Amino acid sequence: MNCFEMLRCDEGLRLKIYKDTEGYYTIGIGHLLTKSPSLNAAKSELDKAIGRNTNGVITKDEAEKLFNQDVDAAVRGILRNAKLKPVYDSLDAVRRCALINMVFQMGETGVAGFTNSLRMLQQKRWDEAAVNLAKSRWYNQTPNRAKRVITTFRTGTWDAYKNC
């Protein structure tokens, strides 16, 4: 398992615009398009991303490249970040994905506000970090996924993704 697989597991794949967990427009492997209520807004955004008139539908291939970019943006974001870079650096291979996952799903900023957890993660007080993370809006809005991520942080294994 890699961070890519893990993500692919959590977000899945769709080749047609769709709505996400918070009703937003996305496509492919969870690539967000717009928070606007407009679907024209979404196709437009997507067309721009893709380099063509998609009419709302794309190819496996295009989705994958967006994914790659998307992943890249997360890590880049973790790295430019004064608050997560340190955390990241101290993570082992597996937990490192967990953090990436978190950042992919909500953004650097959002993730950067996990102040105490971040600390604890840095210190390697897993069980503690875990508890703390559960008490978040994040955890409230997406329980199933949170558990997985958090569990990863907790164990540092890919047991929660066993069935992916």
# chains A, B, ... in the order shown; residues from 1 in each chain; ligands from 1
>>> select_by_dssp(residues="segment 41-163 of chain A", states="helix (DSSP H, G or I)", output="CSV table (one decimal) with N, CA and C atoms, in the first residue's frame")
chain,number,residue,atom,x,y,z
A,41,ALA,N,-20.4,26.2,-13.9
A,41,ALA,CA,-19.2,26.6,-13.2
A,41,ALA,C,-18.3,25.4,-13.1
A,42,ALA,N,-18.9,24.2,-12.8
A,42,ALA,CA,-18.1,23.0,-12.7
A,42,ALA,C,-17.6,22.5,-14.0
A,43,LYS,N,-18.4,22.5,-15.1
A,43,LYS,CA,-17.9,22.0,-16.4
A,43,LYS,C,-16.8,22.9,-16.9
A,44,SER,N,-17.1,24.2,-16.7
A,44,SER,CA,-16.1,25.2,-17.1
A,44,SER,C,-14.7,24.9,-16.5
A,45,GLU,N,-14.8,24.7,-15.2
A,45,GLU,CA,-13.6,24.5,-14.4
A,45,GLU,C,-13.0,23.3,-14.9
A,46,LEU,N,-13.7,22.2,-15.1
A,46,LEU,CA,-13.2,21.0,-15.5
A,46,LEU,C,-12.6,21.1,-16.9
A,47,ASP,N,-13.3,21.8,-17.8
A,47,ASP,CA,-12.8,22.0,-19.2
A,47,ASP,C,-11.4,22.6,-19.2
A,48,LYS,N,-11.3,23.6,-18.3
A,48,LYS,CA,-10.0,24.3,-18.1
A,48,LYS,C,-8.9,23.3,-17.6
A,49,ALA,N,-9.3,22.4,-16.7
A,49,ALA,CA,-8.4,21.6,-16.1
A,49,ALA,C,-7.9,20.6,-17.1
A,50,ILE,N,-8.8,20.2,-17.9
A,50,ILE,CA,-8.5,19.1,-18.8
A,50,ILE,C,-7.9,19.5,-20.1
A,60,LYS,N,-10.4,7.6,-18.1
A,60,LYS,CA,-9.7,7.0,-16.9
A,60,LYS,C,-8.4,7.7,-16.8
A,61,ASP,N,-7.8,7.9,-18.0
A,61,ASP,CA,-6.5,8.5,-18.1
A,61,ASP,C,-6.5,10.0,-17.6
A,62,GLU,N,-7.5,10.8,-17.9
A,62,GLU,CA,-7.5,12.1,-17.4
A,62,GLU,C,-7.7,12.1,-15.9
A,63,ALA,N,-8.5,11.3,-15.4
A,63,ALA,CA,-8.8,11.2,-14.0
A,63,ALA,C,-7.5,11.0,-13.3
A,64,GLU,N,-6.7,10.0,-13.8
A,64,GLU,CA,-5.5,9.7,-13.2
A,64,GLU,C,-4.5,10.8,-13.2
A,65,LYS,N,-4.4,11.5,-14.2
A,65,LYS,CA,-3.5,12.6,-14.2
A,65,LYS,C,-3.9,13.7,-13.2
A,66,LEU,N,-5.2,13.8,-13.0
A,66,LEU,CA,-5.7,14.8,-12.1
A,66,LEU,C,-5.3,14.4,-10.7
A,67,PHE,N,-5.4,13.1,-10.5
A,67,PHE,CA,-5.2,12.5,-9.2
A,67,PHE,C,-3.7,12.9,-8.8
A,68,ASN,N,-2.8,12.5,-9.7
A,68,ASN,CA,-1.4,12.7,-9.6
A,68,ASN,C,-1.1,14.2,-9.2
A,69,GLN,N,-1.7,15.1,-10.0
A,69,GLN,CA,-1.6,16.5,-9.7
A,69,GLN,C,-2.1,16.7,-8.3
A,70,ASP,N,-3.3,16.3,-8.1
A,70,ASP,CA,-3.9,16.5,-6.8
A,70,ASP,C,-3.1,16.1,-5.6
A,71,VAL,N,-2.5,14.9,-5.7
A,71,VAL,CA,-1.6,14.4,-4.7
A,71,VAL,C,-0.4,15.3,-4.5
A,72,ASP,N,0.2,15.6,-5.7
A,72,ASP,CA,1.3,16.5,-5.7
A,72,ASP,C,1.0,17.8,-4.9
A,73,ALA,N,-0.1,18.4,-5.1
A,73,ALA,CA,-0.5,19.6,-4.5
A,73,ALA,C,-0.6,19.4,-3.0
A,74,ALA,N,-1.1,18.2,-2.5
A,74,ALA,CA,-1.2,18.0,-1.1
A,74,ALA,C,0.2,18.0,-0.4
A,75,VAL,N,1.1,17.1,-0.9
A,75,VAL,CA,2.4,17.1,-0.3
A,75,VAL,C,3.1,18.4,-0.3
A,76,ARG,N,3.0,19.1,-1.5
A,76,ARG,CA,3.6,20.4,-1.7
A,76,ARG,C,3.1,21.3,-0.6
A,77,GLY,N,1.8,21.1,-0.4
A,77,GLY,CA,1.2,21.9,0.7
A,77,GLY,C,1.6,21.6,2.1
A,78,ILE,N,1.9,20.3,2.3
A,78,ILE,CA,2.4,19.9,3.6
A,78,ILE,C,3.7,20.5,3.8
A,79,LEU,N,4.5,20.4,2.8
A,79,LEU,CA,5.9,20.9,2.8
A,79,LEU,C,6.0,22.4,2.9
A,80,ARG,N,5.2,23.2,2.4
A,80,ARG,CA,5.3,24.6,2.5
A,80,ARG,C,4.9,25.1,3.8
A,85,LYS,N,5.0,20.5,8.0
A,85,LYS,CA,6.3,20.0,7.5
A,85,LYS,C,7.0,19.2,8.6
A,86,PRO,N,7.1,19.8,9.8
A,86,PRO,CA,7.8,19.2,10.9
A,86,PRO,C,7.1,17.9,11.3
A,87,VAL,N,5.8,17.9,11.3
A,87,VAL,CA,5.0,16.7,11.7
A,87,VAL,C,5.4,15.6,10.6
A,88,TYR,N,5.1,15.9,9.4
A,88,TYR,CA,5.4,15.1,8.2
A,88,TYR,C,6.8,14.4,8.4
A,89,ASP,N,7.8,15.3,8.4
A,89,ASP,CA,9.1,14.8,8.5
A,89,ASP,C,9.4,13.7,9.6
A,93,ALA,N,6.6,6.1,7.2
A,93,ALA,CA,6.1,5.8,5.9
A,93,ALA,C,4.5,5.8,5.8
A,94,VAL,N,3.9,4.9,6.6
A,94,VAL,CA,2.5,4.7,6.6
A,94,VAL,C,1.7,5.9,7.2
A,95,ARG,N,2.1,6.4,8.3
A,95,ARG,CA,1.3,7.6,8.8
A,95,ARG,C,1.4,8.7,7.9
A,96,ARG,N,2.6,8.8,7.3
A,96,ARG,CA,2.8,9.9,6.4
A,96,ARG,C,1.7,10.0,5.3
A,97,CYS,N,1.2,8.9,4.9
A,97,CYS,CA,0.1,8.8,3.9
A,97,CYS,C,-1.2,9.4,4.6
A,98,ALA,N,-1.4,8.9,5.8
A,98,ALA,CA,-2.5,9.4,6.5
A,98,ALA,C,-2.6,10.9,6.5
A,99,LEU,N,-1.5,11.5,6.8
A,99,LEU,CA,-1.5,13.0,6.8
A,99,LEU,C,-1.8,13.5,5.4
A,100,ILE,N,-1.2,12.8,4.4
A,100,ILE,CA,-1.4,13.3,3.1
A,100,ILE,C,-2.9,13.2,2.7
A,101,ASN,N,-3.5,12.1,3.1
A,101,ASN,CA,-4.9,11.9,2.9
A,101,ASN,C,-5.7,13.0,3.5
A,102,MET,N,-5.3,13.4,4.7
A,102,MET,CA,-6.0,14.5,5.4
A,102,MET,C,-6.0,15.8,4.7
A,103,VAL,N,-4.9,16.0,4.1
A,103,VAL,CA,-4.6,17.3,3.4
A,103,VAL,C,-5.3,17.3,2.1
A,104,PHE,N,-5.4,16.1,1.5
A,104,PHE,CA,-6.0,16.0,0.2
A,104,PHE,C,-7.5,16.2,0.3
A,105,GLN,N,-8.1,15.7,1.4
A,105,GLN,CA,-9.5,15.9,1.7
A,105,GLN,C,-9.9,17.2,2.1
A,106,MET,N,-9.1,18.0,2.8
A,106,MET,CA,-9.6,19.2,3.4
A,106,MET,C,-8.8,20.4,3.2
A,108,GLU,N,-4.5,22.0,3.4
A,108,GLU,CA,-3.4,22.4,4.2
A,108,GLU,C,-3.9,23.2,5.4
A,109,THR,N,-4.6,24.3,5.2
A,109,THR,CA,-5.1,25.2,6.2
A,109,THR,C,-6.0,24.4,7.2
A,110,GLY,N,-7.0,23.7,6.7
A,110,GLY,CA,-7.9,23.0,7.5
A,110,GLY,C,-7.1,22.1,8.5
A,111,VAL,N,-6.2,21.3,7.8
A,111,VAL,CA,-5.3,20.4,8.5
A,111,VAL,C,-4.4,21.1,9.5
A,112,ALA,N,-3.9,22.3,9.1
A,112,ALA,CA,-3.0,23.0,9.9
A,112,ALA,C,-3.5,23.4,11.3
A,115,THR,N,-4.0,21.6,15.6
A,115,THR,CA,-2.9,22.1,16.5
A,115,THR,C,-2.4,21.0,17.5
A,116,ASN,N,-3.2,20.7,18.5
A,116,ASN,CA,-2.8,19.7,19.5
A,116,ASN,C,-2.5,18.3,18.9
A,117,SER,N,-3.4,17.9,18.0
A,117,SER,CA,-3.2,16.5,17.5
A,117,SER,C,-1.9,16.4,16.8
A,118,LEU,N,-1.6,17.4,16.0
A,118,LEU,CA,-0.4,17.6,15.3
A,118,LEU,C,0.8,17.4,16.2
A,119,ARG,N,0.7,18.1,17.3
A,119,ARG,CA,1.7,18.0,18.3
A,119,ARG,C,2.0,16.6,18.7
A,120,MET,N,0.9,16.0,19.2
A,120,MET,CA,0.9,14.6,19.6
A,120,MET,C,1.3,13.7,18.6
A,121,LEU,N,0.9,13.9,17.3
A,121,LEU,CA,1.4,13.1,16.3
A,121,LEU,C,2.9,13.2,16.2
A,122,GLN,N,3.4,14.4,16.3
A,122,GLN,CA,4.8,14.6,16.3
A,122,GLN,C,5.6,13.9,17.4
A,123,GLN,N,5.0,13.9,18.6
A,123,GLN,CA,5.5,13.2,19.8
A,123,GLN,C,5.2,11.7,19.7
A,126,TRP,N,0.2,8.3,19.8
A,126,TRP,CA,-0.9,7.9,19.0
A,126,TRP,C,-2.2,7.8,19.6
A,127,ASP,N,-2.4,7.0,20.5
A,127,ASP,CA,-3.7,6.8,21.1
A,127,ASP,C,-4.3,8.2,21.5
A,128,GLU,N,-3.4,9.0,22.0
A,128,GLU,CA,-3.8,10.3,22.4
A,128,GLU,C,-4.3,11.2,21.2
A,129,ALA,N,-3.4,11.1,20.1
A,129,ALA,CA,-3.7,11.9,18.9
A,129,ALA,C,-5.1,11.4,18.4
A,130,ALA,N,-5.2,10.1,18.3
A,130,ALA,CA,-6.4,9.5,17.8
A,130,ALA,C,-7.7,10.1,18.5
A,131,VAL,N,-7.7,10.1,19.8
A,131,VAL,CA,-8.9,10.6,20.6
A,131,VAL,C,-9.2,12.0,20.2
A,132,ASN,N,-8.2,12.8,20.3
A,132,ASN,CA,-8.3,14.2,19.9
A,132,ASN,C,-8.9,14.4,18.5
A,133,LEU,N,-8.4,13.7,17.5
A,133,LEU,CA,-8.9,13.8,16.1
A,133,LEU,C,-10.4,13.4,16.0
A,134,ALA,N,-10.8,12.5,16.8
A,134,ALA,CA,-12.2,12.1,16.7
A,134,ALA,C,-13.1,13.2,17.1
A,137,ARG,N,-14.9,18.4,13.6
A,137,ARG,CA,-16.0,18.5,12.7
A,137,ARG,C,-15.8,17.5,11.6
A,138,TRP,N,-14.5,17.3,11.3
A,138,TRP,CA,-14.0,16.4,10.3
A,138,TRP,C,-14.6,15.0,10.6
A,139,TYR,N,-14.2,14.6,11.8
A,139,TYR,CA,-14.7,13.3,12.3
A,139,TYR,C,-16.2,13.2,12.3
A,140,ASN,N,-16.9,14.4,12.6
A,140,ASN,CA,-18.4,14.4,12.6
A,140,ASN,C,-19.0,14.2,11.2
A,141,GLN,N,-18.5,15.0,10.2
A,141,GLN,CA,-19.0,15.0,8.9
A,141,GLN,C,-18.7,13.7,8.1
A,143,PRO,N,-17.5,10.3,9.4
A,143,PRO,CA,-17.1,9.3,10.3
A,143,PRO,C,-16.3,8.1,9.8
A,144,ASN,N,-16.8,7.4,8.8
A,144,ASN,CA,-16.2,6.2,8.2
A,144,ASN,C,-14.7,6.4,7.7
A,145,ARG,N,-14.6,7.5,7.0
A,145,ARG,CA,-13.3,7.8,6.5
A,145,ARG,C,-12.3,8.2,7.6
A,146,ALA,N,-12.8,9.0,8.5
A,146,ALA,CA,-12.0,9.5,9.6
A,146,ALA,C,-11.4,8.4,10.3
A,147,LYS,N,-12.3,7.4,10.8
A,147,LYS,CA,-11.9,6.2,11.5
A,147,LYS,C,-10.7,5.6,10.8
A,148,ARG,N,-10.8,5.5,9.5
A,148,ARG,CA,-9.8,4.8,8.8
A,148,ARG,C,-8.5,5.6,8.9
A,149,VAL,N,-8.5,6.8,8.7
A,149,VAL,CA,-7.3,7.6,8.7
A,149,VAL,C,-6.8,7.6,10.1
A,150,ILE,N,-7.6,7.9,11.0
A,150,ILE,CA,-7.2,8.0,12.4
A,150,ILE,C,-6.6,6.6,12.8
A,151,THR,N,-7.2,5.5,12.4
A,151,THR,CA,-6.8,4.2,12.8
A,151,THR,C,-5.4,4.0,12.3
A,152,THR,N,-5.1,4.5,11.1
A,152,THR,CA,-3.8,4.5,10.5
A,152,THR,C,-2.7,5.2,11.3
A,153,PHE,N,-3.1,6.3,11.8
A,153,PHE,CA,-2.3,7.1,12.7
A,153,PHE,C,-2.0,6.3,13.9
A,154,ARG,N,-3.1,5.6,14.3
A,154,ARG,CA,-3.0,4.9,15.5
A,154,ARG,C,-2.1,3.6,15.5
A,155,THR,N,-2.3,2.8,14.5
A,155,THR,CA,-1.6,1.6,14.4
A,155,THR,C,-0.3,1.8,13.6
A,159,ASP,N,-4.3,-2.0,8.3
A,159,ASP,CA,-5.4,-2.8,8.7
A,159,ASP,C,-6.8,-2.3,8.3
A,160,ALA,N,-7.0,-1.0,8.5
A,160,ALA,CA,-8.3,-0.4,8.2
A,160,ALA,C,-8.6,-0.4,6.7
A,161,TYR,N,-7.5,-0.6,5.8
A,161,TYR,CA,-7.7,-0.6,4.4
A,161,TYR,C,-7.6,-2.1,3.9
>>> closest_residue(among="A:1, A:82, A:39, A:7", to="residue 19 of chain A", atoms="only C-alpha atoms")
A:39
>>> atom_distance(atom1="atom CA of residue 58 of chain A", atom2="atom CA of residue 26 of chain A")
11.7 Å
>>> atom_distance(atom1="atom CA of residue 23 of chain A", atom2="atom CA of residue 142 of chain A")
12.8 Å
>>> atom_distance(atom1="atom CA of residue 157 of chain A", atom2="atom CA of residue 32 of chain A")
28.0 Å
>>> select_by_dssp(residues="segment 28-156 of chain A", states="strand (DSSP E)", output="list in words")
residues 28, 31, 32, 33 and 34 of chain A
>>> write_last_selection(atoms="C-alpha atoms", output="CSV table (one decimal), in the first residue's frame")
chain,number,residue,atom,x,y,z
A,28,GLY,CA,-12.5,11.3,-11.2
A,31,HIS,CA,-10.9,16.0,-7.6
A,32,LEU,CA,-12.9,19.0,-6.5
A,33,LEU,CA,-14.3,21.4,-9.2
A,34,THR,CA,-16.2,24.2,-7.6
